[PDB]
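One structure below.
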Amino acid sequence: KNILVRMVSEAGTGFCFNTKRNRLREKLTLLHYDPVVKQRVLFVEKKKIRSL
Amino acid sequence: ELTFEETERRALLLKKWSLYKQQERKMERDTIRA
Amino acid sequence: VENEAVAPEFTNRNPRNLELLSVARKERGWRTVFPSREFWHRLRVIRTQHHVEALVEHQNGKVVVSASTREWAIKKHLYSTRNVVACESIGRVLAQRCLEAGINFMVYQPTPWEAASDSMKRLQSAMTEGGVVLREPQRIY
Amino acid sequence: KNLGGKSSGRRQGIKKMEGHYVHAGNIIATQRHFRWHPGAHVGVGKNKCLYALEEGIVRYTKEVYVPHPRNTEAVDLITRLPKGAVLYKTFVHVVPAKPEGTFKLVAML
Amino acid sequence: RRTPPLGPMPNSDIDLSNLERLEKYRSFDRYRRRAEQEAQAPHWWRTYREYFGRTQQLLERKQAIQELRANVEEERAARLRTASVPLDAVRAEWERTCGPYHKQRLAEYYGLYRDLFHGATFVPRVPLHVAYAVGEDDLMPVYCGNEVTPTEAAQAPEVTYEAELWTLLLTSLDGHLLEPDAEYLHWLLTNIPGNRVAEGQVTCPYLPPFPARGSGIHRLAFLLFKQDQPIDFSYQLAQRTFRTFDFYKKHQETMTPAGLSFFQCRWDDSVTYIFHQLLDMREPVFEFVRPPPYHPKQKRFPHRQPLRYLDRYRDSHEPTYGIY
RNA sequence: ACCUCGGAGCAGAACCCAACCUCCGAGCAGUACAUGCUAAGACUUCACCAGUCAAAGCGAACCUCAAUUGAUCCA
RNA sequence: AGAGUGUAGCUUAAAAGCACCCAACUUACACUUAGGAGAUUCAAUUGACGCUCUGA
Ligand SMILES: [Mg+2]
Ligand SMILES: [Mg+2]
């Protein structure tokens, strides 16, 4: 099973996007495009919105 | 390691073997058809 | 001024006019078939049993330029007409012919194995160093 | 014992037959499988729908089928085809009507 | 209903119960070759093309090839993939042997024949070496359709056609500013005495190319006619106008096109000077105008359409207030 | 027993067609984090709601899947 | 003695395309990549050098 997690930008911007990951995998870090910065920046998982 | 002379000799060896076995297969096929 | 009489709309009949302006259409379909038709000029390489052919062909099928190891001029200067040396030499000759023809860009559409082929790599490098870019400009809409 | 099967028809098929003037972006035909393959100036959507990439006249033709070398299933089919056999498929083309544009005298400098 | 085929259906002859016995395309390459051949072959069904479409020489060549094979260094380089080819010698031999045919192909592709001669073709048997002197040091050659700027073409070119009565004609095919079906004559040297060109009769003085700005790429052709027997020939644009088809219709019996060389030119500051000083006119500036975008007839109630629908049809973006 | 969704017959060939008719399935999973932003033109499950495809452009690199779902209000 | 006569294996190909072979990848084949050899029988459309058939 997977969970929906809010990945938050490490760029200081309050930009968040929801992704999915396995409940049994480590906390998730991605390089996602930040429109505010107009550049790919690191996003780190912050909270679990719901379990899907 | 190896040298240019032996490489050339090996290339000529492959060439002559190509010719020889080509003739071999040609004669074999000729006998087959005959 | 009589010399100033100019028609409101110009009619440039040069077939390569819009192609050089990067404005002409280039067939964008054929997504389920190979090779793609989305090009103005294509570099087509045919490796026969004995010879090597390199054509620059417009999308309409016209063979704009050709370079065959079957021509006396080229075949009288190389040992084998079916080897990597032959492919590189014919590529250089085709590059010169293309530059004198005015073709500077083309779309090469090799199969995976042809692209991996050493002879095709040498031919592409020969064209590149001769001054032909194997990547056509994007159309301007 | 038999449940389901109540789905309605997809209303798929040809939206523009041959000879129909078609503007850029118009959907020519919607299909579940590849019944009609994309021809010249005809693009395929994610769902295999054929849309006109240019403004022109739709023409249906039968053309030899040469799958992309990385299309493994089609390549295997071909590799198993007997010598001399050629596959054919129905292609949809949009013969563009208008020219890309015209050169107009803008200023007599 | 089943209407019978109007001809041999594809894959009909080969089809037979002996599929296992029949050999098969083991290679995508051979299948592609066969498919391309079939596509080229004509068909009775609607198709894409319908809508969008001596002994001494042999002996000498065999001896030369045998000599090249015998030369060990040649074989060494070939097997070491290091041998090269003399590009200049290859070019000269191409000119001598097969250059005319490829040049004819280039002319046909560029549409010179369909425009200069309304379709009638001819192999340019006689090589024609034209070069525009650049500076006092170098010179841009005009091979076939290459690009030469009007700045480079400012002064008349040097022509060296190896032969032993000729007429040379420079014609701009698509530079006409008033007539779609018309030419410009830039210089016409008639009754030239063989190789030397300075002795030709200057029927029309040299006028450098002047492709109008934003008018696209123009094509300029050097037509060389071998003249069987000498014949007499007959800055104002109306008289620089020209129809090579009619000219060759008049001079066909005594003339035969034996050399061809063309190049492509686009606008330049030299074109500006040509227009202002030599031609004494306001240079025309052309722009490529695409057809206006198509929008369906506006509906009173654009159901499900985005708010941009009204913007698609409004002409002025600035606010308007009607009676107020 | 069933109630929603999809595929195949009935419904042979544009589309659409009932049944407490015949059979299969779904209520996900996987990969990616540009599965980013915009925008012509179109399709549309016979209404609407909803659902689809998409040129060009900006910004970049150089999605698979038939179904795989649920409005408003309100939290 | 008479007839058909005649491009490397095949070509209503005109010095070409298919064929064919080893090397590497395959158990192997196949594919692919690298390479290899190759002919218009001899003299002026004609005659005579080689093959097949009809006889002794
Ligand atoms: Mg059904
Ligand atoms: Mg509807």
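Throughout, protein chains are lettered first and strands after them, A, B, ... in sequence-line order, and every chain is numbered starting at 1.
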Would you say F/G70 pairs with F/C5 if a pair means Watson-Crick or G-U wobble with both distances under 3.5 Å? no
Here G/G6, assessed by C1'-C2'-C3'-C4' with north positive and south negative, has its sugar south
Return the nucleotide paired to G/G50: Watson-Crick means purine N1 to pyrimidine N3 with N6-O4 or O6-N4, wobble means G-U with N1-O2 and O6-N3, both under 3.5 Å. G/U5
Who are the side-chain contact (heavy atoms from CB on, under 4.5 Å) partners of C/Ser80, not counting sequence neighbours? C/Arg82, C/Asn83
Pick one for G/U32: is it syn, with its angle within 90° of 0, or anti? anti
Salt bridge (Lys or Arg N to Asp or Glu O under 4.0 Å) partners for C/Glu38, two or more places apart: none
Do F/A29 and F/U69 make a Watson-Crick or G-U wobble pair, both distances under 3.5 Å? no
Which letters describe nucleotides 23-35 of chain F, given B = protein heavy atom under 4.0 Å from base, S = only from sugar-phosphate, - = neither? BBB---SBBBBB-
Here the residues of residues 73-88 of chain D within 4.0 Å heavy-atom distance, strictly under, of RNA chain G are none
Tell me, please, which residues at least two apart from E/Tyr309 pass ring pair (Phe, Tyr, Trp, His ring centres under 6.0 Å). E/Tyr313
Could you check which residues of residues 295-312 of chain E get a heavy atom under 4.0 Å from RNA chain G? Sort them by number, please. none
Using a 4.0 Å cut-off to any heavy atom of chain C, which nucleotides of RNA chain G are the first and last in contact, reading 5' to 3'? G/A16 to G/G38
Neighbours of RNA chain G within residues 66-91 of chain C, by heavy-atom distance under 4.0 Å: C/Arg70, C/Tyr79, C/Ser80, C/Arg82, C/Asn83, C/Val84
Within residues 3-17 of chain B, those residues having any heavy atom closer than 4.0 Å to RNA chain G are B/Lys15, B/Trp17
List for me each residue that meets salt bridge (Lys or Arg N to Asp or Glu O under 4.0 Å) alongside B/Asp30, sequence neighbours excluded, and say none if there are none. B/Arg33
side-chain contact (heavy atoms from CB on, under 4.5 Å) with C/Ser22: which residues, sequence neighbours excluded? C/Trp40, C/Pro137, C/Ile140
Show me the donor-acceptor pairs, under 3.5 Å and distance only, between side chains in residues 22-43 of chain A and residues at least two apart or in other chains.
| residue | atom | partner | partner atom | Å |
| --- | --- | --- | --- | --- |
| A/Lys27 | NZ | A/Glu45 | O | 3.3 |
| A/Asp34 | OD1 | A/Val36 | N | 3.0 |
| A/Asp34 | OD2 | A/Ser9 | OG | 2.9 |

Scan every strand shown for a Watson-Crick or G-U wobble partner of G/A13, both distances under 3.5 Å, and answer none if you come up empty. none
Does the ring of F/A39 sit north or south, if a positive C1'-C2'-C3'-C4' angle means north and a negative one means south? north
